[PDB]
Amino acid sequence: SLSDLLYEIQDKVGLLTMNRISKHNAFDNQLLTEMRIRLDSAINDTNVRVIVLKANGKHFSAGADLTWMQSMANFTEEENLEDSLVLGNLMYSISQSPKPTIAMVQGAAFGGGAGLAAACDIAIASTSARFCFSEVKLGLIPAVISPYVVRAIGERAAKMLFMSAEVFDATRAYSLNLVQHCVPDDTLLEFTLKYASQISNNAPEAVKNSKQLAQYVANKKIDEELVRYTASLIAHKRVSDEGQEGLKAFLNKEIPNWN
C-alpha cells in the first residue's frame, strides 16, 4: 500500500495528505518526490479546480527525517545539489500552479514544511500551529524555501526569522501574512474543506484569470499603459462565454452552469 502520501478528489478539490504519522511527516527526498508526482496529477486533472496540501498526525512537518539527514551529511556537493532540487522543483511546481493552492497546517511546520505554506497561495493554520526556519542552528541556510518565504512575509520579517531560528506561533504567522486564516484546532479540516469548496464553486476561468492578474500587476508601474491593459482585460472577460453566463445567472437569479 502507498500510505506515506494520500491523494483523493472531493467536489473538485484535490487533496494531498502527508501521512507519515509515526515520523511526524519529517521530510526526505522520497516523500517530496511522491508529493511532486501527485501535485502534477492534480494540476493536470480537469476534474480538479483547487489543490489542498494537508497532513495527518500531530504535525504538518516536524522537520527533516533523521535517516535522510544522516545520509545527506555524507553527500558530496553535487549529490546535495541533486537532492536539494527535489524540494526546489516541488516548491516551484506549487508556485507555478494555475489552479488555487491551499496549505492546511496543524502542529509543527518546521523547515521545509514551513516553506510549503509560503509556496501555496493560501495557508490556513490551527490555533496551535507553530513555525520555524531552523537551518542556522545546524550551520545551514533556508536557501530553497527563501524566495517563497520572502515573497509571503517580506524581507524584513524573513531575514529576522532566518537569523534567529525562533519558533513563532499561528497568531504570529497570521500577523506576518504567512497564513491568512487561523481557526480552531478541532475544526481545521472542516473549515479548510468548506473554504476550498467555496473557491471551487466560483467561476473557474475567472478564478484562474484573477490569480494570473494579481501576479501580473504586482510591482508594475501604474501608468496609462497598465490602465488600458486592465480595461481591455475586463472588456474581454465580460463578453466571454463564462462572463456572459455569470451575468445572465446573476440577473435572472439562476445557478451558473459552472456549478
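Don't overthink the numbering: it's just position in the shown sequence, from 1.
> Would you determine, from the values in the PDB entry, which of 228 to 236 and 215 to 223 has the greater average C-alpha temperature factor?
According to the PDB entry, the answer is 215 to 223.
> Could you check the entry and say whether 8 to 16 or 247 to 255 has the higher mean CA B-factor?
Per the deposited B-factors, the answer is 247 to 255.
> Out of 72, 102, 182, 163, which residue has the highest Cα temperature factor in the PDB record?
Comparing C-alpha B-factors across 72, 102, 182, 163, the maximum falls on 182.
> Tell me which of 84, 146, 177, 106 tops the list for C-alpha B factor in the record.
Spelled out: the listed residue with the top C-alpha B-factor is 177.
> Comparing residue 64 with the other modelled residues of its chain, is its CA B-factor in the lowest, middle or highest third?
According to the entry, residue 64 has a C-alpha B-factor in the chain's middle third.
> Taking the chain's C-alpha temperature factors as the reference, tell me which third residue 190 falls into: lowest, middle or highest.
Middle third of the chain for residue 190's C-alpha B-factor.
> If you rank every modelled residue in this chain by C-alpha B factor, which third holds residue 205: lowest, middle or highest?
Within its chain, residue 205 is a middle-third residue by C-alpha B-factor, going by the deposited values.
> Could you tell me which third, lowest, middle or highest, the C-alpha B-factor of residue 126 occupies within its chain?
Middle third - that is where residue 126 ends up once the chain's C-alpha B-factors are sorted.
> Using the B-factors in the PDB entry, rank residue 88's C-alpha atom against the chain and give the third, lowest, middle or highest.
Lowest third - that is where residue 88 ends up once the chain's C-alpha B-factors are sorted.
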